[PDB]
Amino acid sequence: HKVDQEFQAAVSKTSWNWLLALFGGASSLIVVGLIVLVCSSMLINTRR
Amino acid sequence: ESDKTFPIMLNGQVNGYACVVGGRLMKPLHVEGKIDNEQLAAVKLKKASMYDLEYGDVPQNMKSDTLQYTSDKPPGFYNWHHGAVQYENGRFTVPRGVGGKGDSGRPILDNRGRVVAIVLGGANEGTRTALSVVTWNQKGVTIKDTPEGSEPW
Amino acid sequence: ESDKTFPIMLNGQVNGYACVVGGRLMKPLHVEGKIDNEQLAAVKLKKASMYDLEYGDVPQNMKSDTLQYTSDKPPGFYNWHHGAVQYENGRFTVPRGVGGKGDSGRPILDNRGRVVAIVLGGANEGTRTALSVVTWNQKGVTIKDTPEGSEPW
């Protein structure tokens, strides 16, 4: 084998897209949860 | 007040009061103890920790005979188990000396028999004592008004 | 009430009341029986099942002499065959031990002899009895008021 096998450029863009979508789902979920908590707190403070 | 307000037991001593309004039973969270009423002991309480309170759905046989609610709060004198409380400048105050530990959860009643606020604590200014309580609004918002230096009773 | 309220029979037993209001006849669905009056027996009863009711268009002669509904509901006391019914916080109640099965469809009367609600059932709650009924509204709307534990009379 004339070229070494790395980790970055060793997985297809289909697998990369699926993995990134699955992980970004959780990332998006946690950030939307955080902004939901923040906006609820701000609404409570404003309408208090 | 006397009929509907129940003492709470902490090792056999009074330490607070649980108040029923509009078919829901409220109790301050900071006061720890057991409700004297055997039935209310079985009522599940869900807690608002930030408001220092727990509220629960009351049974079917006693929700009607409840302290009727209200929201209009003109300044002046209002009823109280220990006497009269002065509501002025959007603040509830009492003469300095009356009230203390064990009076948390005491309802403040109206002239017509309705509830205006529930007591949680008090801070002594030397001249009077400003009560840290929960006061309602026209838009149905319950603001926990606590003057500076408030200590829960 | 007596002149223009017609019982419904079943095997010689009265089980419900039909009411003529606004020029139209109403009869609740949970009760089964025969309308006493012969002339109204020929009306086709259009059913609102989710409203637990049937309504029908009355003939010409008697449409002039019917009960009148109302929209404004000042809280307090309202007339009824079994006395005064108490209205507050958007809820109807009666003193306990008053009313029972077979009283469905009996209208709630007021000072100026106009209907404010139609009785459908009641839940006994010890101190009082909360009436599960149907009421009108300011914007020309019919709304059910059925408290928890309501059982149809």
# chains A, B, ... in the order shown; residues from 1 in each chain; ligands from 1
$ interface_residues --of "chain C" --to "chain B" --cutoff "7 Å" --atoms "only C-alpha atoms" --output "ChimeraX atom specification"
/C:125-127
$ residues_around --residues "region 40-53 of chain C" --least-positions-apart "6" --cutoff "8 Å" --atoms "only C-alpha atoms" --output "JSON, numbers by chain"
{"C": [26, 27, 28, 29, 30, 59, 144]}
$ write_last_selection --atoms "C-alpha atoms" --output "CSV table (one decimal), in the first residue's frame"
chain,number,residue,atom,x,y,z
C,26,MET,CA,-84.2,21.5,23.8
C,27,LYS,CA,-84.0,18.0,25.4
C,28,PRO,CA,-80.9,16.4,26.9
C,29,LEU,CA,-79.5,13.2,25.4
C,30,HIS,CA,-78.4,11.3,28.5
C,59,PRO,CA,-94.4,24.9,15.4
C,144,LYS,CA,-70.3,23.7,29.2
$ interface_residues --of "chain B" --to "chain A" --cutoff "8 Å" --atoms "only C-alpha atoms" --output "JSON, numbers by chain"
{"B": [141, 142, 143]}
$ residues_around --residues "residue 100 (chain B)" --least-positions-apart "5" --cutoff "10 Å" --atoms "only C-alpha atoms" --output "PyMOL selection string"
chain B and resi 121-123+151-153
$ residues_around --residues "residue 15 (chain B)" --least-positions-apart "4" --cutoff "10 Å" --atoms "only C-alpha atoms" --output "list in words"
residues 7, 8, 9, 10, 11, 31, 32, 33, 34, 101, 102, 103, 104, 105 and 153 of chain B
$ write_last_selection --atoms "N, CA and C atoms" --output "PDB file, in the first residue's frame"
ATOM      1  N   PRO B   7     -52.888  24.375  61.586  1.00  0.00           N
ATOM      2  CA  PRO B   7     -51.501  24.359  62.062  1.00  0.00           C
ATOM      3  C   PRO B   7     -50.700  23.192  61.508  1.00  0.00           C
ATOM      4  N   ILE B   8     -49.381  23.376  61.506  1.00  0.00           N
ATOM      5  CA  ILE B   8     -48.425  22.360  61.075  1.00  0.00           C
ATOM      6  C   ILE B   8     -47.608  21.939  62.287  1.00  0.00           C
ATOM      7  N   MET B   9     -47.284  20.650  62.360  1.00  0.00           N
ATOM      8  CA  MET B   9     -46.587  20.074  63.502  1.00  0.00           C
ATOM      9  C   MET B   9     -45.122  19.842  63.153  1.00  0.00           C
ATOM     10  N   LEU B  10     -44.231  20.331  64.013  1.00  0.00           N
ATOM     11  CA  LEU B  10     -42.797  20.047  63.935  1.00  0.00           C
ATOM     12  C   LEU B  10     -42.367  19.595  65.327  1.00  0.00           C
ATOM     13  N   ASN B  11     -42.258  18.280  65.515  1.00  0.00           N
ATOM     14  CA  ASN B  11     -41.948  17.681  66.811  1.00  0.00           C
ATOM     15  C   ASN B  11     -42.961  18.082  67.879  1.00  0.00           C
ATOM     16  N   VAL B  31     -40.796  26.108  55.765  1.00  0.00           N
ATOM     17  CA  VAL B  31     -41.340  25.536  56.993  1.00  0.00           C
ATOM     18  C   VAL B  31     -41.478  24.031  56.795  1.00  0.00           C
ATOM     19  N   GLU B  32     -40.842  23.257  57.672  1.00  0.00           N
ATOM     20  CA  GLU B  32     -40.861  21.801  57.610  1.00  0.00           C
ATOM     21  C   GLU B  32     -41.749  21.262  58.722  1.00  0.00           C
ATOM     22  N   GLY B  33     -42.676  20.385  58.359  1.00  0.00           N
ATOM     23  CA  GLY B  33     -43.559  19.786  59.338  1.00  0.00           C
ATOM     24  C   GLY B  33     -44.658  19.000  58.658  1.00  0.00           C
ATOM     25  N   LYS B  34     -45.499  18.396  59.493  1.00  0.00           N
ATOM     26  CA  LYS B  34     -46.579  17.529  59.040  1.00  0.00           C
ATOM     27  C   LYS B  34     -47.919  18.230  59.224  1.00  0.00           C
ATOM     28  N   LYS B 101     -41.308  34.066  64.104  1.00  0.00           N
ATOM     29  CA  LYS B 101     -41.175  32.682  63.670  1.00  0.00           C
ATOM     30  C   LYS B 101     -42.446  31.903  63.981  1.00  0.00           C
ATOM     31  N   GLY B 102     -42.845  31.045  63.040  1.00  0.00           N
ATOM     32  CA  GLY B 102     -44.047  30.253  63.169  1.00  0.00           C
ATOM     33  C   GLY B 102     -45.280  30.850  62.525  1.00  0.00           C
ATOM     34  N   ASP B 103     -45.226  32.109  62.094  1.00  0.00           N
ATOM     35  CA  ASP B 103     -46.355  32.773  61.457  1.00  0.00           C
ATOM     36  C   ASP B 103     -46.316  32.691  59.936  1.00  0.00           C
ATOM     37  N   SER B 104     -45.342  31.988  59.359  1.00  0.00           N
ATOM     38  CA  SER B 104     -45.277  31.860  57.910  1.00  0.00           C
ATOM     39  C   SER B 104     -46.489  31.100  57.390  1.00  0.00           C
ATOM     40  N   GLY B 105     -46.951  31.490  56.205  1.00  0.00           N
ATOM     41  CA  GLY B 105     -48.147  30.921  55.628  1.00  0.00           C
ATOM     42  C   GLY B 105     -49.443  31.481  56.172  1.00  0.00           C
ATOM     43  N   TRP B 153     -40.016  33.591  58.154  1.00  0.00           N
ATOM     44  CA  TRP B 153     -40.484  33.216  59.482  1.00  0.00           C
ATOM     45  C   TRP B 153     -40.824  31.731  59.522  1.00  0.00           C
TER      46      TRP B 153
END
$ select_by_dssp --residues "region 56-142 of chain C" --states "helix (DSSP H, G or I)" --output "list in words"
residues 61, 62, 63 and 64 of chain C
$ write_last_selection --atoms "C-alpha atoms" --output "PDB file, in the first residue's frame"
ATOM      1  CA  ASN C  61     -98.616  28.707  17.387  1.00  0.00           C
ATOM      2  CA  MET C  62     -96.552  28.252  20.565  1.00  0.00           C
ATOM      3  CA  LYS C  63     -93.340  29.949  19.372  1.00  0.00           C
ATOM      4  CA  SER C  64     -94.675  33.268  20.698  1.00  0.00           C
TER       5      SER C  64
END
$ residues_around --residues "residue 19 (chain C)" --least-positions-apart "4" --cutoff "10 Å" --atoms "only C-alpha atoms" --output "list in words"
residues 1, 4, 5, 6, 7, 24, 25, 26, 27, 28, 55, 66, 67, 105, 106, 107, 115 and 118 of chain C
$ write_last_selection --atoms "N, CA and C atoms" --output "mmCIF file, in the first residue's frame"
data_model
loop_
_atom_site.group_PDB
_atom_site.id
_atom_site.type_symbol
_atom_site.label_atom_id
_atom_site.label_comp_id
_atom_site.auth_asym_id
_atom_site.auth_seq_id
_atom_site.Cartn_x
_atom_site.Cartn_y
_atom_site.Cartn_z
ATOM 1 N N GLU C 1 -92.004 28.681 34.911
ATOM 2 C CA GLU C 1 -91.359 27.375 34.881
ATOM 3 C C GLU C 1 -92.387 26.260 34.726
ATOM 4 N N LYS C 4 -94.328 26.122 31.121
ATOM 5 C CA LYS C 4 -93.554 25.894 29.905
ATOM 6 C C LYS C 4 -92.371 24.953 30.131
ATOM 7 N N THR C 5 -92.487 24.048 31.103
ATOM 8 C CA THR C 5 -91.500 22.991 31.313
ATOM 9 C C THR C 5 -92.238 21.664 31.319
ATOM 10 N N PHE C 6 -91.826 20.752 30.437
ATOM 11 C CA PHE C 6 -92.592 19.551 30.134
ATOM 12 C C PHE C 6 -91.808 18.314 30.556
ATOM 13 N N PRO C 7 -92.291 17.481 31.483
ATOM 14 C CA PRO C 7 -91.529 16.280 31.847
ATOM 15 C C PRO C 7 -91.475 15.251 30.729
ATOM 16 N N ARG C 24 -87.276 27.571 20.351
ATOM 17 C CA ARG C 24 -86.819 26.242 19.964
ATOM 18 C C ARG C 24 -86.835 25.319 21.174
ATOM 19 N N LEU C 25 -87.118 24.039 20.930
ATOM 20 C CA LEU C 25 -87.183 23.056 22.005
ATOM 21 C C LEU C 25 -85.832 22.373 22.178
ATOM 22 N N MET C 26 -85.428 22.182 23.436
ATOM 23 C CA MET C 26 -84.213 21.465 23.795
ATOM 24 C C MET C 26 -84.557 20.331 24.750
ATOM 25 N N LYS C 27 -83.818 19.223 24.610
ATOM 26 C CA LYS C 27 -84.039 17.997 25.373
ATOM 27 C C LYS C 27 -82.695 17.298 25.551
ATOM 28 N N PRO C 28 -82.264 16.981 26.777
ATOM 29 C CA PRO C 28 -80.938 16.375 26.932
ATOM 30 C C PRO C 28 -80.886 14.935 26.443
ATOM 31 N N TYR C 55 -81.942 19.428 19.840
ATOM 32 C CA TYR C 55 -82.714 20.643 19.636
ATOM 33 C C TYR C 55 -83.655 20.451 18.455
ATOM 34 N N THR C 66 -92.653 31.376 24.848
ATOM 35 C CA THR C 66 -91.504 30.549 25.196
ATOM 36 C C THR C 66 -90.652 31.288 26.218
ATOM 37 N N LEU C 67 -89.806 30.535 26.921
ATOM 38 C CA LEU C 67 -88.872 31.155 27.851
ATOM 39 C C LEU C 67 -87.811 31.934 27.084
ATOM 40 N N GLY C 105 -82.280 18.994 32.648
ATOM 41 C CA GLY C 105 -83.003 19.846 31.732
ATOM 42 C C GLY C 105 -83.845 20.923 32.378
ATOM 43 N N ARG C 106 -83.866 21.008 33.705
ATOM 44 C CA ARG C 106 -84.655 22.032 34.376
ATOM 45 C C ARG C 106 -83.913 23.365 34.298
ATOM 46 N N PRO C 107 -84.503 24.418 33.729
ATOM 47 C CA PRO C 107 -83.746 25.661 33.542
ATOM 48 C C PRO C 107 -83.491 26.385 34.856
ATOM 49 N N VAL C 115 -84.081 32.590 31.360
ATOM 50 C CA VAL C 115 -83.204 31.456 31.636
ATOM 51 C C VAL C 115 -81.752 31.904 31.592
ATOM 52 N N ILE C 118 -79.102 25.600 31.951
ATOM 53 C CA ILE C 118 -79.905 24.381 31.925
ATOM 54 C C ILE C 118 -79.154 23.319 32.716
#
$ residues_around --residues "residue 89 (chain B)" --least-positions-apart "3" --cutoff "10 Å" --atoms "only C-alpha atoms" --output "MDAnalysis selection string"
chainID B and resid 75:76 86 92
$ write_last_selection --atoms "N, CA and C atoms" --output "PDB file, in the first residue's frame"
ATOM      1  N   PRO B  75     -54.688  50.731  48.600  1.00  0.00           N
ATOM      2  CA  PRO B  75     -53.927  50.927  49.841  1.00  0.00           C
ATOM      3  C   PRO B  75     -54.840  51.190  51.028  1.00  0.00           C
ATOM      4  N   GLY B  76     -54.396  50.743  52.195  1.00  0.00           N
ATOM      5  CA  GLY B  76     -55.138  50.954  53.422  1.00  0.00           C
ATOM      6  C   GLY B  76     -54.932  49.797  54.382  1.00  0.00           C
ATOM      7  N   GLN B  86     -51.006  47.258  57.222  1.00  0.00           N
ATOM      8  CA  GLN B  86     -51.081  48.458  56.399  1.00  0.00           C
ATOM      9  C   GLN B  86     -50.428  48.179  55.051  1.00  0.00           C
ATOM     10  N   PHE B  92     -46.570  45.704  52.215  1.00  0.00           N
ATOM     11  CA  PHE B  92     -47.309  45.291  53.400  1.00  0.00           C
ATOM     12  C   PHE B  92     -46.430  45.480  54.629  1.00  0.00           C
TER      13      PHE B  92
END
$ residues_around --residues "residue 138 (chain B)" --least-positions-apart "6" --cutoff "10 Å" --atoms "only C-alpha atoms" --output "VMD selection string"
chain B and resid 70 to 73
$ atom_distance --atom1 "CA of residue 36 (chain B)" --atom2 "CA of residue 12 (chain B)"
10.1 Å
$ atom_distance --atom1 "CA of residue 137 (chain B)" --atom2 "CA of residue 116 (chain B)"
10.3 Å
$ select_by_dssp --residues "region 18-101 of chain B" --states "strand (DSSP E or B)" --output "PyMOL selection string"
chain B and resi 18-21+24-28+34-35+46-48+53-57+67+69+76-80+83-88+91-95
$ closest_residue --among "C:139, C:114, C:78, C:21" --to "residue 93 (chain C)" --atoms "only C-alpha atoms"
C:78
$ atom_distance --atom1 "CA of residue 32 (chain A)" --atom2 "CA of residue 12 (chain A)"
29.4 Å
$ decode --residues "region 35-64 of chain B" --atoms "N, CA, C and O atoms" --output "short mmCIF file (atom, residue, chain, number, x, y, z; two decimals), in the first residue's frame"
data_model
loop_
_atom_site.label_atom_id
_atom_site.label_comp_id
_atom_site.auth_asym_id
_atom_site.auth_seq_id
_atom_site.Cartn_x
_atom_site.Cartn_y
_atom_site.Cartn_z
N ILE B 35 -48.76 18.17 58.19
CA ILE B 35 -50.10 18.76 58.27
C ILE B 35 -50.92 17.99 59.30
O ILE B 35 -50.94 16.75 59.30
N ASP B 36 -51.60 18.73 60.18
CA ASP B 36 -52.39 18.09 61.23
C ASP B 36 -53.54 17.28 60.64
O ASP B 36 -53.85 16.18 61.13
N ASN B 37 -54.20 17.80 59.61
CA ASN B 37 -55.31 17.10 58.98
C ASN B 37 -54.83 15.77 58.41
O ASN B 37 -53.87 15.73 57.63
N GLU B 38 -55.50 14.68 58.80
CA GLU B 38 -55.11 13.36 58.32
C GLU B 38 -55.28 13.26 56.81
O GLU B 38 -54.44 12.66 56.12
N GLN B 39 -56.36 13.83 56.28
CA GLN B 39 -56.61 13.71 54.85
C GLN B 39 -55.55 14.46 54.04
O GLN B 39 -55.01 13.92 53.07
N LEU B 40 -55.27 15.71 54.42
CA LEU B 40 -54.30 16.51 53.67
C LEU B 40 -52.92 15.88 53.65
O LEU B 40 -52.12 16.21 52.77
N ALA B 41 -52.61 14.99 54.60
CA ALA B 41 -51.34 14.29 54.57
C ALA B 41 -51.20 13.44 53.31
O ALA B 41 -50.08 13.21 52.84
N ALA B 42 -52.31 12.98 52.75
CA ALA B 42 -52.31 12.16 51.55
C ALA B 42 -52.35 12.97 50.26
O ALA B 42 -52.30 12.38 49.17
N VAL B 43 -52.43 14.30 50.35
CA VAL B 43 -52.49 15.14 49.16
C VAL B 43 -51.08 15.34 48.63
O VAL B 43 -50.18 15.75 49.37
N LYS B 44 -50.88 15.06 47.34
CA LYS B 44 -49.58 15.28 46.72
C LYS B 44 -49.35 16.76 46.50
O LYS B 44 -50.24 17.47 46.00
N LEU B 45 -48.16 17.24 46.86
CA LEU B 45 -47.78 18.64 46.72
C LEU B 45 -46.69 18.76 45.67
O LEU B 45 -45.69 18.05 45.72
N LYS B 46 -46.90 19.66 44.70
CA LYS B 46 -45.87 20.00 43.73
C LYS B 46 -45.31 21.38 44.05
O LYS B 46 -46.06 22.30 44.40
N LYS B 47 -43.99 21.50 43.96
CA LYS B 47 -43.24 22.56 44.62
C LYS B 47 -42.76 23.61 43.63
O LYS B 47 -42.19 23.27 42.59
N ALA B 48 -43.01 24.88 43.95
CA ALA B 48 -42.33 26.01 43.32
C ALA B 48 -41.23 26.43 44.29
O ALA B 48 -41.49 27.11 45.29
N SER B 49 -40.00 25.99 44.01
CA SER B 49 -38.89 26.26 44.92
C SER B 49 -38.46 27.72 44.85
O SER B 49 -38.12 28.32 45.88
N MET B 50 -38.46 28.30 43.65
CA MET B 50 -38.05 29.70 43.51
C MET B 50 -39.00 30.63 44.25
O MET B 50 -38.58 31.69 44.74
N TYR B 51 -40.28 30.26 44.35
CA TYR B 51 -41.26 31.02 45.11
C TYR B 51 -41.36 30.57 46.56
O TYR B 51 -42.14 31.16 47.32
N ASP B 52 -40.59 29.56 46.97
CA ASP B 52 -40.59 29.07 48.35
C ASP B 52 -42.00 28.63 48.74
O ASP B 52 -42.60 29.15 49.69
N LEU B 53 -42.56 27.68 47.99
CA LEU B 53 -43.92 27.24 48.23
C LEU B 53 -44.15 25.87 47.61
O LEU B 53 -43.40 25.43 46.74
N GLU B 54 -45.18 25.19 48.11
CA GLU B 54 -45.68 23.97 47.49
C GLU B 54 -47.20 24.05 47.45
O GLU B 54 -47.84 24.45 48.43
N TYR B 55 -47.77 23.70 46.30
CA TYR B 55 -49.22 23.73 46.12
C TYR B 55 -49.70 22.39 45.60
O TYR B 55 -48.99 21.69 44.86
N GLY B 56 -50.91 22.03 46.02
CA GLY B 56 -51.48 20.74 45.66
C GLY B 56 -52.98 20.82 45.50
O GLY B 56 -53.64 21.71 46.05
N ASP B 57 -53.51 19.87 44.73
CA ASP B 57 -54.94 19.76 44.53
C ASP B 57 -55.60 19.18 45.77
O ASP B 57 -55.12 18.19 46.34
N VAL B 58 -56.68 19.81 46.21
CA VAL B 58 -57.34 19.47 47.47
C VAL B 58 -58.47 18.50 47.16
O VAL B 58 -58.84 18.35 45.99
N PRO B 59 -59.06 17.81 48.16
CA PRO B 59 -60.09 16.81 47.84
C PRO B 59 -61.40 17.45 47.41
O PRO B 59 -61.52 18.67 47.30
N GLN B 60 -62.40 16.60 47.17
CA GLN B 60 -63.69 17.06 46.66
C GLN B 60 -64.60 17.65 47.72
O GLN B 60 -65.46 18.47 47.38
N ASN B 61 -64.42 17.30 49.00
CA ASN B 61 -65.39 17.62 50.04
C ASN B 61 -65.13 18.97 50.71
O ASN B 61 -65.92 19.38 51.57
N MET B 62 -64.04 19.66 50.36
CA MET B 62 -63.67 20.89 51.03
C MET B 62 -63.13 21.97 50.09
O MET B 62 -62.60 22.97 50.58
N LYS B 63 -63.23 21.79 48.77
CA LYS B 63 -62.74 22.81 47.85
C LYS B 63 -63.71 23.98 47.75
O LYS B 63 -63.29 25.12 47.54
N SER B 64 -65.01 23.72 47.91
CA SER B 64 -65.99 24.80 47.78
C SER B 64 -65.88 25.78 48.93
O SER B 64 -65.86 27.00 48.72
#
